[PDB]
Amino acid sequence: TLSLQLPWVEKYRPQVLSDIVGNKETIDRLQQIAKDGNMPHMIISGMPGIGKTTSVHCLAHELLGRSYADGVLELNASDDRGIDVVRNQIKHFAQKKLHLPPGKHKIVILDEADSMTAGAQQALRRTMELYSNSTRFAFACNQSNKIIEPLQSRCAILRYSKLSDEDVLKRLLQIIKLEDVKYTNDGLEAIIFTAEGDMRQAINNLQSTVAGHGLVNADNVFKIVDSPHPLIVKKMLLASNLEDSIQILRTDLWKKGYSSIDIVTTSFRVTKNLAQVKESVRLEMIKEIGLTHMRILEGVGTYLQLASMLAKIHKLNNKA
Amino acid sequence: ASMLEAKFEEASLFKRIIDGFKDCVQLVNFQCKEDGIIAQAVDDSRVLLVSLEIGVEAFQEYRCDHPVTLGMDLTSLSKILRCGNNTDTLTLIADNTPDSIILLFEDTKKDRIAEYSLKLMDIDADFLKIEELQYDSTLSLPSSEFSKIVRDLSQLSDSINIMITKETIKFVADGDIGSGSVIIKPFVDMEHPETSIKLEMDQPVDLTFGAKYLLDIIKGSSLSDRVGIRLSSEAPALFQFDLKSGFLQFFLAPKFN
Amino acid sequence: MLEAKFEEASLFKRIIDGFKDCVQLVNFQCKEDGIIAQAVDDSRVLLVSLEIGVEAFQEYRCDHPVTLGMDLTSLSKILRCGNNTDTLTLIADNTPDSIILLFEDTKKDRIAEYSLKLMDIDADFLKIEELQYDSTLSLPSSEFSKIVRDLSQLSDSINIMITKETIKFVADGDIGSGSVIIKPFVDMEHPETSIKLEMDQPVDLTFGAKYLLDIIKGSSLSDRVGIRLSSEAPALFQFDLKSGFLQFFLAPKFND
Amino acid sequence: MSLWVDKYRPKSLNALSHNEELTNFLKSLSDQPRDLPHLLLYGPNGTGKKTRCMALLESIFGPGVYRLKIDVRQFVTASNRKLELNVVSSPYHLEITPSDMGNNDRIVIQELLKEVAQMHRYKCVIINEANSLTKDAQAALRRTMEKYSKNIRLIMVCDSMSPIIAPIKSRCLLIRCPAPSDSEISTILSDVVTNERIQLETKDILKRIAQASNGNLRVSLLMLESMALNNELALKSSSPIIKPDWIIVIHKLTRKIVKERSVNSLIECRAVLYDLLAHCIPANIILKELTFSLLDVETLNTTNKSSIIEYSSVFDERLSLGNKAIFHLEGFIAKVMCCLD
Amino acid sequence: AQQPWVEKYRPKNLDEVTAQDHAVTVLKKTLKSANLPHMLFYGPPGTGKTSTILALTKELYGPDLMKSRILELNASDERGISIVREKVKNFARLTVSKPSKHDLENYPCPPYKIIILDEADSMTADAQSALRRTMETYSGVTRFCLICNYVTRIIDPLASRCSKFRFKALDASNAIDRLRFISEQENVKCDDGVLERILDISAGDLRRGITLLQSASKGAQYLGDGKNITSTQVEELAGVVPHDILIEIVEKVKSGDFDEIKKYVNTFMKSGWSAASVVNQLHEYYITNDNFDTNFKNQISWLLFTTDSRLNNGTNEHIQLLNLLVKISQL
Amino acid sequence: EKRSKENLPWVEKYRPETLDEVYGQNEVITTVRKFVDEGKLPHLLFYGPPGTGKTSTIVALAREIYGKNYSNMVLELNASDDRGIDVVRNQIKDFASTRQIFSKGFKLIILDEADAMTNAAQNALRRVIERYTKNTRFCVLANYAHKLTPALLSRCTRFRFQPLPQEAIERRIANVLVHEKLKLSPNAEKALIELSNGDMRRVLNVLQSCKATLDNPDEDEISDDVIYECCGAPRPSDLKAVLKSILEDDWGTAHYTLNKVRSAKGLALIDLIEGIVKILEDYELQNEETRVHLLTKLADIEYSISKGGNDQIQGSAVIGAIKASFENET
DNA sequence: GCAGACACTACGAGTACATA
DNA sequence: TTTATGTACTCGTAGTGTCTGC
Ligand SMILES: Nc1ncnc2c1ncn2[C@@H]1O[C@H](COP(=O)(O)OP(=O)(O)OP(O)(O)=S)[C@@H](O)[C@H]1O
Ligand SMILES: Nc1ncnc2c1ncn2[C@@H]1O[C@H](COP(=O)(O)OP(=O)(O)OP(O)(O)=S)[C@@H](O)[C@H]1O
Ligand SMILES: Nc1ncnc2c1ncn2[C@@H]1O[C@H](COP(=O)(O)OP(=O)(O)OP(O)(O)=S)[C@@H](O)[C@H]1O
Ligand SMILES: Nc1ncnc2c1ncn2[C@@H]1O[C@H](COP(=O)(O)OP(=O)(O)O)[C@@H](O)[C@H]1O
Ligand SMILES: [Mg+2]
Ligand SMILES: [Mg+2]
Ligand SMILES: [Mg+2]
């Protein structure tokens, strides 16, 4: 068993703030914090895979250098971050006396901060308020709703947005030029379409296509990784002909190996996130999709139930 | 009458042997043979491996013509050993490929007789031929000293790093409270031969281990007066506790990076 | 009219410790011959009988027959002051709605008096149908509790197969099986550990687990416990006492 | 006790002057009780099903079934919630009801039936109001009576058949209890009053009670006792037919719905419904009474009546699958107001 | 005569199951071999799944090994996720018991033990998901037999792993030999078409037929006239509506007049018949008639189906019956 | 296990022991083989319907990478094992952090049916995967994707296991018949293809039960007739006759025909409903209202049958629904 | 050595969340 | 605030064990 090569997701992880693409204003603000040194408490939020925790790690590396071994305390969901056994850890770390450069402070990376309990954040409130001169915190959560409002009242809100296609394409081309793999622009746009602004997904699909076919042409890309089924569901629900919707359902989901419950949940999510049709029509569509969802969850999962769901969706859509 | 008979001199020996590695292992696979009884068992995390072996000299009487694979459960085994007077003479009894074994908790030497039985467990995992190899180092320190050092260092960090270089043993454990650096210089004493820090040297080793697993190792220090540790960069750590007629190893897997 | 003065404070407490888990409450019936308090469990299976003599437990003065029904939790809470020297005093006047439990200590002059509430039960049935038992067994109670807890930990069903010269205890469970056999052995030097099983007819009855635990909980009542078994009849677990005895009954459930 | 409903109850099948065919069938079962299967008596409430059960019980073993006692049993559930439910036990039988909270009566059934099955060969287990079981204790019962049957027997009493699942219907013998005829109601009331000391001008009062009771003998006896107490132990031919205050509230609600069909009247309807649900009333019977009182209003049309009954069926289906009955009842009243307007 | 006729005549051999010939032959030929797959018995109640599995276990091991190599669970037993994760897993991973010389010589003892999960459709999906890999991993030592009367409650992976044996409903043609045998053994005087009526009323089950036969025989014994049990006594004891009352219901429905049908439904429900039986009688009367138009039959079939489903939900049957009759009356 | 093979069901006897023995998923198998030969193995996520060969593929993969004793070098966790967040914090963390105990290789963690893990467990597993990915690879087998955290989905390479096509089932059946000394008629093979519905375990179970069905295991060939009695599925000719009687014949004839077909060999209304659904999907219907009415009414009927009820009323409902739906078309 | 003192692991009851 | 399992967290308590001491 030979030692595995490090995956391109981790091999080409950025180590400096310049390499992170997307959200130019946020990255420039982070760079100005980096050279300025006056890091405030911040909470970083966004959709997964767009570069949240890597910016935190890069900023922690840049602000303080050889002190990175002991000047930063990183915590995560794998560590049992509770109210009692962990309040002492941050209390000691903030109370720990370590000599920094004049404009640098200790960093407490509470990575994946949306999973902590309420009491832990309640203690962290005064923990942050007391030793603000010595230590600074860095929350990195997918969802900022779990963080209580006292924590939001003393933090710098840094909202990341989903990456534009141009930035993903730019960093992808950088990766190709460092790896020297033959590429076609159609294949690259296929990767961009499949990723949906999720960068790690783009890198993983690039890995699979490169190591599966050598060439990243569009046919090989669509052979290896399938198109995202939310788009297929949205296409199916928006069709005007019932026969067309049924054919799309069967061919693209039932013959491709998709569970009925997955189709129902994706249809519910697409309907609630859809905006072209009238609001009320979306309300009855959601009600019918939920009725079919109850039928599926109660035990009867069949192509017939999905076909009936589509038939009634067309009944509401075509206005009787 | 029964094919497999193993009458211990005292139930205390088997109780101590079972309680030595009861905590760190859930499923045990005994393999009785004419040369003795062995037990190769793996932890749930598949990091710590226990290789019990009891020689024929630790049994007052022993006889087992056909090899027997006794896959068992240590929780229920210890529960069975929990009941019964410790002075009593245990006699392990099993049939030809049976569904259970019989624990003769013969009280004193007469009167009360117990027939506790534990249903045999189907463990299809074969024994692992991890005996030994060319180990880089071979040290030997008293069990009490090692247990005290491990217990002291476990409170300071979650990882204990054992370093051997130029006839010197060094334990370091950097953590949040502090960083212990307990060091030992090898020596030998004729006055008290039990306390002697023996050592061998081929190549320096710097291997780190978890704290909870090392505590699990030192829980078994009551069995042996001496513990022998052998380390290598391309081998799991070996902790050979010497018994009255056999031994009890502890193949611990070091961390990487 | 009731003057059930008890010699030791931590003696009636020792009795109610056994009484606590066998039944939730008892209906006391005090008579000059003795104190009887029998109660029926929630399952109508386990029967508890109480008998307290008059020679010991200080002077007993039961001028009139008094029937009282009360809980044991509050009684234990009041009896928590159970010093080794303290005594007890039971006083029941006309309409004894609140019994005053006087504590007087010989070693110290400190006094303690508490009142116990009385609930309206007025229900007590006393019937002892069977006295003849095929097998009568006396053995130390601590060993009985030990063997019962060891067999009940392994299995939820306990059966006894009494044969010639063997008092066989067997417990079959999913984890395994425990078949502990004890022989009748009497040492004149150690009366407590003496074991005699009188033999008229072999008895094979299958019992439960929680009932056996409740029975063995009151192991400290007697050094030697009288175990009586009768075929096709309720069991009798009689615990001796310095004045009287406490017997426990159980139905031998059997579905084969 | 002084109540006449529980003072004159036929102890034996010989005193069951109610149904000749049903009494003969029960006597046929009691002829050879060595192989009596599990029973399930169904019919309108107030018919006297429990009377037949007790009469059959004393015909199987003998006199002494009618002596009863109370034995509270402590039962523990998930977490440490205490829902100690008493059992009305007795020699030779055992009477249980699912008066405990419906979400966790399954444990009551499981451990109590397992406890009674630890051993005159069988002890009958009567389960009053079996239609209130929540399809979970019935699952336990499926194997409970099937596995242990030579030691335990069930007389499963319920006033409705629909909530009982198919296997329970399959493994239990079905016995039908029709409601009394009006002539039989009058005969029973006449026997009661001649054993009592109430003076009657004419037996037309008994017939009026029979008509108003709608085949329910229990409420018939209750109303006769109330009238006799109110009429100074001498019934009057002009005495108004007294109705339960619940019926009065339902009829006033129906009148308010019929006359005023605005949102505000729906607010007072909601308040009245809140009071009625606070007054220990099941949702099925209140919706049934509201529906049948609405259909009895003469100002309605046949189309409105059909719409009302169809939405009543729909919302009764909703009640059978819902938790908070107030929302379903308010929705039914809203639909009725929409149809009538 | 200490047991009811349902359990007194419960089959004790695999050949005694006089229905489901395919499943019984498959299980017998498997009994000759040792390749017993993870079974999944399903079908209507009373078709004989529990009897079949008990007979199969008894013929496989014998009376001695029932207590050692059989683990039966119910909804009466606690069947949470913890029970599936610990009790079932432990019993599966234990080795098989030791067969004796007598059992091995007389019975074809296989080297596996069967775990029977009766009424398994009541378990939560999480427990079944936990049971999946327990079923898969220890296939060489234990067999799982899932006995549920609803397939849809069983999740897809278990239906994939388990071999499915549908238990067909027992109509008049399939299960007339069993009833004739029971009548011969019990000496029950019978008419010519009485057993056909019993099997017709007992919709797809034999337990109900046996219970009805026992009740009719007990009634005939009480009367003691030595008279053959007619179809009338069985029809009355079965709880089905007599034809006169059904004709009256149809006559009231045909004329309309909501007040009249409401009054008659009130009186009918006062007499207290089971509404499911009334719906069944109305279905077998209206559909089989030839005096009604095609469109009427379509609409009345849909109405009867909707009423039957609503009744099966467990609702108040009075309102459902009145609604069905009024909807039919306006056709 | 006991008595080696020949005492196991055909489901667990014919389990692939090599990546070459997995049929159908040619692309996935070839990509995985290329991955392991080139030395790179990212975090794999196998998604697909039941019976498509996910756990068989990953077991064959672990056997190929490691030695014969793959279970000694792989921490394989399933829903039977407790997988709380404490398990992730202790067992997974210790297995990922430490070095291999039997040889020199990367740790491999296989999480079969990982969709049953809680949200907090997946949240911890996120950072556990991302931190110790240098010498530890995670494989996640999930039938359902909606139960997986999107963070977990964005971390593992997604491989989709399609339902088995005709050729793969035919090849496996040919291998099984070659091994078992069994003969089977091609029409029976086509019936098996239609009955499988993309599942392989169904095929193996039906073959086992049909071999058990035959009086003489040798000599006699398995025809589609034996398949149809052994599985109990309706024959296509029966479905065609029932549908024709419903469409053209009147109520007496259609009801009598459906009852006779059901009572001939004990058919159930279920499997017959979706047989009729397949046949009607094989039709062209001018009016969309016919399709709408058919789908809605048949779904309601199938739901009611799933909840159980009276079979006669449900059959009458099926006939009425079909006949009312094929009259709005004209 | 027996007694107290000591801090440790183990156990039980209570609360709060459950889709983005 | 009822809901009704399963999960996870937190605290509190009861013993159980080895460690100092006279
Ligand atoms: N803007 C970016 N520029 C370059 N690489 C990026 C960028 N965003 C993400 N990546 C890549 O994404 C991988 C890791 O992304 P992460 O920042 O760890 O994901 P994340 O933002 O933390 O989302 P979650 O919530 O943790 S799953 C590495 O391979 C990075 O190279
Ligand atoms: N094929 C059959 N042959 C003979 N008797 C049968 C048959 N099927 C059912 N029975 C009778 O049905 C009774 C018990 O059947 P069961 O096996 O309990 O039905 P079931 O499969 O358990 O239905 P459930 O569990 O309620 S879904 C006994 O009286 C049997 O004699
Ligand atoms: N492609 C295939 N080639 C050959 N046999 C297959 C194939 N797919 C499935 N099988 C068979 O199906 C049996 C069970 O399927 P598994 O692959 O073990 O489980 P699975 O397909 O992952 O389904 P789940 O999701 O785990 S329930 C295996 O033992 C094989 O005999
Ligand atoms: N044959 C009868 N003669 C006189 N009264 C009867 C008869 N049968 C029943 N009853 C009356 O029925 C009442 C009991 O009804 P009950 O069994 O409670 O009905 P339900 O079971 O529907 O609640 C008793 O008060 C009794 O007077
Ligand atoms: Mg991150
Ligand atoms: Mg059954
Ligand atoms: Mg799998």
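Numbering starts at 1 and runs along the chain as it is shown here.
Any Cβ shown, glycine's included, is placed from N, Cα and C.
Feature annotations, reproduced from Swiss-Prot:
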- F:11-15, F:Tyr23, F:48-56, F:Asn143, F:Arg201: ATP binding site (BINDING)
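By a Cβ separation below 8 angstroms, chain E lies close to these of the binding-site residues F:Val11, F:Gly48, F:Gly51, F:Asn143: F:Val11, F:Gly51, F:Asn143. In three-state terms derived from DSSP, F:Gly51 (ATP binding site) belongs to neither a helical nor a strand segment and is classed as coil. F:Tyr14 (ATP binding site) carries neither a helix nor a strand DSSP state and counts as coil. Candidate binding-site residues F:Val11, F:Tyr14, F:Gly48, F:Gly51, F:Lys54, F:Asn143 yield F:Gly48, F:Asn143 as lying near chain A, with Cβ-Cβ distance under 8 angstroms. Long-range C-beta contacts of F:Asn143 (ATP binding site), restricted to its own chain and to partners at least six residues apart, with a cutoff below 8 Å, comprise F:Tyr47, F:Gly48, F:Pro49, F:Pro50, F:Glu113, F:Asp115. For F:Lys54 (ATP binding site), the same-chain residues lying six or more positions away in sequence with a CB closer than 8 A to its CB are F:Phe46, F:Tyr47, F:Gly48, F:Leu141, F:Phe161. F:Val11 (ATP binding site) counts 24 other C-beta atoms within 10 Å of its own C-beta, drawing on all protein chains shown.
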